[PDB]
């Protein structure tokens, strides 16, 4: 199974005029980066709605993952699920991104652009879907096996899922945010994997990437303490090979330089008064 190259992009998928766009649609940048880290009760409840719809779309697209399917098709399925539930796909027109979700196979670390790429037996396919509804976002991703995947890749996906859920389980008010990347990097290193450092989790609320950064490796210099009402993602990318990467011509698709495969999972989390709530649970 050879290194991937880009395929043919399908035309822009339409969204009914009635669904409100985020402010950044059409524009070269987004108005984000300085929003409150702790959300109002109103925004938290709206975030449950957005989280559930993103989880739905993710699950629908994941069910279509099979040898012979295109990444564009997965995008079509996510896009239609979002639009059907009155959500805007937050990636669509985000910094010029042309599609409604990211689809990242095998050596693609993240940000793959859905296209005519055909999935084949043994591939691993991350689908990352974000929903915008009620003025708020919900962001979730998972890596799905296609046909008969090699044990080394099954394990990488299962261990990345587990690293994610372990880190989610550390979330509680008064705990240092740095605990998340300590738990993930510890678990990854136990199996000789390497955690991607350049790409991180993020605060999310009325804006997509609100300025809060969540590191997935051990960086105890971060002083942030988790607070009730804080909303962010945990979304580690875990590599079999070295961390070095390249970005394609399209300006989005990130691939490992050594072409070894990588996996990712993501949820959007709320810090509660005593622990955590996974907003993108289905």
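Residue numbers count along the first chain shown, from 1.
Student: Mean Cα B factor from the PDB record: higher for 5-13, or higher for 267-275?
Tutor: Between 5-13 and 267-275, it is 5-13.
Student: If you average the CA temperature factors over each stretch, which comes out higher, 246-254 or 34-42?
Tutor: Going by the record's values, the stretch with the higher mean is 246-254.
Student: Can you tell me which of 176, 142, 149, 133 has the maximum CA B-factor listed in the PDB entry?
Tutor: Each of 176, 142, 149, 133 was compared by C-alpha B-factor; the highest is 149.
Student: So if I compare the CA B-factors in the entry for 241, 51, 236, 229, which one is the largest?
Tutor: Top of the list by C-alpha B-factor: 241.
Student: Going by the entry, which third of its chain does the Cα temperature factor of residue 57 land in?
Tutor: According to the entry, residue 57 has a C-alpha B-factor in the chain's middle third.
Student: Could you tell me which third, lowest, middle or highest, the C-alpha B-factor of residue 104 occupies within its chain?
Tutor: It falls in the middle third of the chain.
Student: Sorting by Cα B-factor within the chain, modelled residues only, which third would residue 205 end up in: lowest, middle or highest?
Tutor: For residue 205, the deposited C-alpha B-factor lands in the lowest third.
Student: Ranking every modelled residue in this chain by its Cα temperature factor as given in the entry, which third contains residue 112?
Tutor: Tercile = middle for this residue's CA B-factor.
Student: According to the PDB entry, is the CA B factor of residue 221 in the bottom, middle or top third of its chain, that is, lowest, middle or highest?
Tutor: Its C-alpha B-factor, which the entry lists for residue 221, ranks in the highest third among residues of this chain.
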